[PDB]
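Read off the chains here:
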Amino acid sequence: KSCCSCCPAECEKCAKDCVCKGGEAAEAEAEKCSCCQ
Ligand SMILES: [Cd+2]
Ligand SMILES: [Cd+2]
Ligand SMILES: [Cd+2]
Ligand SMILES: [Cd+2]
């Protein structure tokens, strides 16, 4: 598991800054966020 689940495992994008920054529901559940993709 990446950190969240919205993004694969090695999203370079989160690897910096956890790009999704939901804060609360950071998980986001939706398998596939646009920021990391
Ligand atoms: Cd994420
Ligand atoms: Cd990510
Ligand atoms: Cd993350
Ligand atoms: Cd993301």
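Residues numbered from 1 in each chain as written, not as in the entry; some residues may be left out. Chains lettered and ligands numbered in written order. Heavy atoms only, no water.

In its PDB record the entry is named "SOLUTION STRUCTURE OF sole a-domain of HUMAN Metallothionein-3 (MT-3)". Its UniProt record gives the protein a comment under Function, which states: "Binds heavy metals. Contains three zinc and three copper atoms per polypeptide chain and only a negligible amount of cadmium. Inhibits survival and neurite formation of cortical neurons in vitro." The UniProt entry for the protein carries the following text under Sequence similarities: "Belongs to the metallothionein superfamily. Type 1 family." (UniProt positions renumbered as here; feature names shortened; annotations may be inferred.)

### Focus: the coordination of the cadmium ion (ligand 2)
Within the protein, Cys 7 (SG), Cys 11 (SG), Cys 14 (SG) and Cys 36 (SG) serve as the donor atoms for the cadmium ion (ligand 2), at 2.5 Å. Geometry at the cadmium ion (ligand 2) is tetrahedral, judged from the 4 donor atoms that bind it and their angles of 105 to 114° at the metal. Each donor residue of the cadmium ion (ligand 2) belongs to the same chain, with the gaps between them written as C-x3-C-x2-C-x21-C. A distance of 3.7 Å spans the gap from the cadmium ion (ligand 2) to the cadmium ion (ligand 1), which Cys 7 bridges by coordinating each metal. Highlighted residues: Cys 14 in helix α1 (residues 12–17) and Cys 36 in the segment after α1, separated in sequence by 22 residues. Across this residue pair, the class does not change: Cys 14 and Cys 36 are buried. (Donors = N, O, S within 2.8 Å, 3.2 Å for Na, K, Ca; no water. Tetrahedral: all angles 85-135°; square planar, octahedral: opposite > 155°, others 65-115°. Helix = DSSP H or I, 4+ residues; strand = E, 2+ residues; numbered from the N terminus. Buried < 20%, exposed > 50% of the residue type's maximum accessible area, 1.4 Å probe, protein only.)

### Here we look at the pattern of salt bridges
Applying the stated criterion across every chain yields a total of 4 salt bridges. Between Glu 27 and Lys 1 there is a salt bridge; the shortest N-O distance is 2.7 Å. Of this pair, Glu 27 sits in the segment after α1 while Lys 1 is found in the segment before α1, placing the two residues 26 residues apart along the sequence. Looking at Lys 1, the relative accessible area reads 66%, which means it is exposed. (Salt bridge = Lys/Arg side-chain N within 4 Å of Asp/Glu carboxyl O.)

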